[PDB]
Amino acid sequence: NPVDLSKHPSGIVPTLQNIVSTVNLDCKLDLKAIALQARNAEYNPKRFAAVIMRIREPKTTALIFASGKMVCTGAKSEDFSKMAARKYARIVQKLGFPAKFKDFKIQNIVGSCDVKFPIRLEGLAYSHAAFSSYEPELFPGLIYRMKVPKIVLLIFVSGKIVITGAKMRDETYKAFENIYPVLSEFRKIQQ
């Protein structure tokens, strides 16, 4: 609630919007059995090899594979992603699979924020051509590939920003603080 200015000298804190984590349930799973018995689980192996299962709290989607690997998507924080993963693991256990909870790992963190002024994207693409891809007839946002940390930002004329590719939220924050002074150089008036 007090913004730590040593991590956010802009004074702006990106909001986390999506976490991807993995965990190894460490046993073989009968996906047809799981899809039949579990209420909110779909399975079309012709299309995709996973059982797709969804829970309401934390609101998430798991991809559960016959190998015992699981991907958990959609949570708003690292803690919520781990808590959701444990709930999916318990669902599988309650069906009689002896599932464990091995090597849980946060794999991707997506954040977004709003610098609250419009941005002349053409100018940023021009001066940062090596890191920028801006093709407004293909997609209206500028794609910025930051090297340190290795992070991708989507930058929009509105001042909204998407920040993805982090394994640690401090990478999300560092990328935003690296880009904020650059964005400010291309601020334009809002009609």
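In this text, residue numbers run from 1 along the sequence as written.
Between the stretches 121-129 and 39-47, it is 39-47 that shows the larger average CA temperature factor. Look at the mean CA B-factor for 29-37 and for 137-145 in the entry; the higher one is 29-37. Set against one another, the Cα B-factors of 62, 153, 166, 66 in the record reach their highest point at 66. The maximum CA B-factor among the listed residues 106, 110, 99, 72, taken from the PDB record, is found at 99. The PDB entry assigns residue 20 a C-alpha temperature factor belonging to the lowest third of its chain's modelled residues. When the modelled residues of the chain are ordered by C-alpha B-factor, residue 182 sits in the highest third. Sorting the modelled residues of the chain by their CA temperature factor places residue 95 in the highest third.
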